[PDB]
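Consider the single chain below, provided in structure tokens and representing the form deposited in one PDB entry.
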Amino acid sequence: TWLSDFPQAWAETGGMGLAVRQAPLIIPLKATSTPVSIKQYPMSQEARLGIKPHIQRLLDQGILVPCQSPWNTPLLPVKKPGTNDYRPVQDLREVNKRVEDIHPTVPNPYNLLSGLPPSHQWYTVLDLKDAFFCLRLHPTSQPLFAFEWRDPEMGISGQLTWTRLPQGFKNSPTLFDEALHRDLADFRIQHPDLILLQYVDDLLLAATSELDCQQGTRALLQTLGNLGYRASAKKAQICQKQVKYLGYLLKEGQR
């Protein structure tokens, strides 16, 4: 009854997230950066119709809001199967080139895994849902990510932008990874015996016994939930001695 005891921790029963302890992000620009406004390539009705629902939902969630900005990057329509179902993908390369670089602190999967003793054989793997969106963007940095949105006939002014850390931004993974490390610091202190691996939105909890794991998984879910993050119940691999994590198959302490 996991999806029952921690309703607030699951993306399916807790609604979209928001990292309440994290201050709104300010994105510093390179010293010589000036706004770049790139035209929106015309978009076929089919693509637009495929994308519209996502846009509306994001507007309803306040993740997207209207705006007028000297910045503008293309919105691209991408399909998955072979022709159906679309999803909005923004080309932020021209923006990324104008943002000041930061040191990449996200460890590579290989080194991240080396810190997993053969002693902890019980695993609980969690995937955070819409991780980036949980981090708010400061009003001053929001304009930076604007894009044009046209609705068939009756459509909002023109530009929309994000109020949360967006997909496609070169520093999102790193900024999220550091934010979550700050939010789970105390938790690591209350569970000295537990092993916690973080790779952006992919989490691995390791325990010595199936029980410690159970108690660990509960405390983690409860902590993530109260902090404003959401884990995916559908993918959640709880208290297993074998799990899939970052492309590896963990079992008996191998890989």
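In this text, the rigid core denotes the largest set of C-alpha atoms whose superposition between the two forms falls within 1.5 Å. Residues carry their position along the shown sequence, with the first being 1.
The protein also exists as the form deposited in another entry; that form is not presented, and the subsequent description refers to it.
- Once both forms are fitted on their core, the CA shift for residue 202 between the shown form and the other one remains under 2 Å.
- Core-aligned CA deviation for residue 97 between the shown form and the other one: less than 2 Å.
- Once both forms are fitted on their core, a CA shift of 2 Å or more is seen for residue 46 between the shown form and the other one.
- Legend note: Cα of residue 83 to Cα of residue 147 is at least 3 Å closer in the other entry than in the depicted form.
- Distance between the C-alpha atoms of residue 167 and residue 80: longer in the other entry than here (change of 3 Å or more).
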